[PDB]
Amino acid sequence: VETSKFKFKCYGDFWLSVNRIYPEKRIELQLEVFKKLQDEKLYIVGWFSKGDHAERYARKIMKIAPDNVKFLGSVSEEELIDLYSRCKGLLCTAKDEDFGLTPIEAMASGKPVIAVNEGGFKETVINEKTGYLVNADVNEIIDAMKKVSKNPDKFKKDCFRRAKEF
């Protein structure tokens, strides 16, 4: 996994999630989280295939999402790198990602990762060292996010290091 093109800019005031708008990504969970954390912001990178059945689910998600959630759609690598470099941290809730590419890219950017304790997330994120591993649970995710909010650069060096190990 290449991570030389990623960099750090700042711990911005927005959380990031990189995942297509499909059921297996548990986008609904992310929405429930920000419906409670009205003081936080989420930028979602990912779209869907027009004309495909998934479109119904995608549009439903976008209509039930709170105002503090932004759907960016499909972005270029330049955009992705920049988003990783400026986010406060990465949120992962997918159940079909076994490699943990997104956590690696986020950590290569010096960012903490909050993710469900499954697949590639469990294989990349180190609980309490480069982020937090929790269950697919609204309250658990919010608690983890609140910790990061209090100390954004707490795991900076550890994240850069972990990213090199892949």
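Just count from 1 along the sequence shown to find any residue number.
For the segment pair 48 to 56 and 116 to 124, the entry gives 48 to 56 the higher mean B-factor, averaged over Cα atoms. Taking the mean C-alpha B-factor of each stretch as recorded, 134 to 142 and 102 to 110 are not equal, and the higher mean is that of 134 to 142. Per the PDB record, residue ranking by Cα B-factor puts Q38 in the highest third of the chain. Sorting the modelled residues of the chain by their CA temperature factor places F155 in the highest third.
Ranked against the other modelled residues of its chain, the C-alpha B-factor of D96 as given in the entry falls in the highest third. In this PDB entry, the Cα temperature factor of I21 sits in the middle third of its chain's modelled residues.
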